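First comes one chain, alone, set out as structure tokens in the form solved without the named molecule.
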């Protein structure tokens, strides 16, 4: 059984060593820095869930971040309730181990455990099938309980290095694009008060599993990082969009997908200038545009946006375009990503209300989703 075990005080490499290669048609769930972690790399395993009506939302990211050494191993957790409660905490642990069962390192049952050797355990499990996941928390006085996914089998796996990229040589994609989700969690509201979050298997709760690794930290490559997961009528959409630093001229990159009743209708690996709204389509693409007009909570940091517009394009024969407005409905989290002031930037999570549909039609669907809206400084020239 393949094992990547990082612990103690010597897990970090001395130089930024390379990570192992993209495996085509695989979840790529085994760590790319298996034995020694590069000091500028970060690996991410993301699992999330939300109510189909936006009444609850949950996300956890399991991190191995070399640049945060010694505190490199983190389970970052955010939760939101319809009544206004929000809950955000990092579980920082000294041990992160990931195993993969089977002869094929790109196609085996995977288990991750972020843990102590107070007491903290946070773990995930993914079927070799990618058919199911289980996430379990055991952190007394903070969070306990589980999340599970049952995959709906949407097409999603990258067939090449290019399809796995979210930017050149940086990777973010979705080994499970869409899943029936359950949660059964208990949170300690430290304001000993407990709060429950329960989403059962027949309530239409949904979520996905996202996988990322970057040889270089985002703080030095991006000025903008947008995450989206949303569902509206037949449509399911998921986005990770990057806008680079000025030294690369605000390169616009994305790894995104739009589905209609489970069929992928835009394999969007091209991110368009936000002020275009034309009909050109030499490839599937998505346009992400900050919205400032109309309904929605106003974000607090660099950009005072009330939401985002997502316009998907298909290069298929019918040349369809879909447009959705994702408007800030509930402020989930909000954290500075720089010192305050005129150049100040932030990291904001929202539950969003979703409207829109097929352009040129009478379609007007309605739904719910989440966004993670990250801003980073423009840097020194």
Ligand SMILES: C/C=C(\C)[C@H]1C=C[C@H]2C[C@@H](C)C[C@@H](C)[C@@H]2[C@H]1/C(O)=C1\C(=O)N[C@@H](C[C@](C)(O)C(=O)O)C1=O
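Positions refer to the first chain, counted from 1.
Peer 1: Looking at the deposited sequence, how many residues between residue 202 and residue 203 were given no coordinates in the entry: none, 1 to 3, 4 to 9, or 10 or more?
Peer 2: In the record, the chain runs straight from residue 202 to residue 203 with none unmodelled.
Peer 1: I'd like to know the size of any gap between residue 278 and residue 279, counted in deposited residues with no coordinates: none, 1 to 3, 4 to 9, or 10 or more.
Peer 2: Count of unmodelled residues in between: none.
Peer 1: If you average the CA temperature factors as listed in the entry, which stretch comes out higher, 226-234 or 134-142?
Peer 2: Stretch with the higher mean C-alpha B-factor: 134-142.
Peer 1: Should the higher mean CA B-factor in the entry be assigned to 12-20 or to 359-367?
Peer 2: Here the higher of the two C-alpha B-factor means belongs to 12-20.
Peer 1: For the listed residues 158, 168, 108, 84, which one has the largest C-alpha B-factor as given in the deposited model?
Peer 2: The record points to 108.
Peer 1: Looking at 121, 251, 267, 180, which has the highest Cα B-factor in the entry?
Peer 2: Of the candidates given, the C-alpha B-factor peaks at 121.
Peer 1: By the record's CA B-factor, is residue 45 among the lowest, middle or highest third of residues in the chain?
Peer 2: For residue 45, the deposited C-alpha B-factor lands in the middle third.
Peer 1: Ordered by C-alpha B-factor within the chain, which third holds residue 259? Give me lowest, middle or highest, please.
Peer 2: For residue 259, whose C-alpha B-factor we compare with every modelled residue in the chain, the answer is the lowest third.
Peer 1: Using the B-factors in the PDB entry, rank residue 193's C-alpha atom against the chain and give the third, lowest, middle or highest.
Peer 2: Answer is highest: the recorded C-alpha B-factor places it there.
Peer 1: Please place residue 52 in the lowest, middle or highest third of its chain according to the CA B-factor in the PDB entry.
Peer 2: Residue 52: CA B-factor falls in the middle third of its chain.
Peer 1: In terms of the CA temperature factor given in the entry, to which third of its chain does residue 320 belong: lowest, middle or highest?
Peer 2: Its C-alpha B-factor belongs to the middle third of this chain's values.
Keep in mind that the form deposited with the named molecule bound is missing from the display, and what follows is about it.
Peer 1: Taking 4.5 angstroms as the heavy atom distance cut-off, pick the stretch from 135-143, 237-245, 108-116, 264-272 that is near the named molecule in the entry with it bound.
Peer 2: Of the options given, it is 237-245.
Peer 1: Answer yes or no: in the entry with it bound, does the named molecule come within 4.5 Å of a heavy atom in every one of 154, 173 and 260?
Peer 2: Negative, none of the three is within 4.5 Å.
Peer 1: Give a yes/no on whether residue 347 approaches the named molecule to within 4.5 Å in the entry with it bound, heavy atoms considered.
Peer 2: Judged by the heavy-atom cut-off of 4.5 Å, residue 347 is in contact with the named molecule in the entry with it bound.
Peer 1: Any of the heavy atoms of residue 351 lying within 4.5 Å of the named molecule in the entry with it bound?
Peer 2: Contact with the named molecule, no.
Peer 1: Would you check, heavy atoms only and a 4.5 Å threshold, whether residue 76 touches the named molecule in the entry with it bound?
Peer 2: Yes - in the entry with it bound, heavy atoms of residue 76 and the named molecule come within 4.5 Å of each other.
Peer 1: Wondering, does residue 46 line up within 4.5 Å of the named molecule in the entry with it bound on heavy atoms?
Peer 2: Close contact exists here: in the entry with it bound, residue 46 approaches the named molecule to within 4.5 Å, heavy atoms only.
Peer 1: Could you tell me which one of 40, 355, 61, 26 places a heavy atom within 4.5 Å of the named molecule in the entry with it bound?
Peer 2: Here the answer is residue option 61.
Peer 1: Only one of 301, 227, 81, 187 gets a heavy atom within 4.5 Å of the named molecule in the entry with it bound. Which one?
Peer 2: By the 4.5 Å criterion, the partner-contacting residue is 227.
Peer 1: Using a 4.5 Å cut-off on heavy atoms, what residues in 306-345 are near the named molecule in the entry with it bound?
Peer 2: Going through 306-345 in order - heavy atoms within 4.5 Å of the named molecule in the entry with it bound - the hits are 333, 335.
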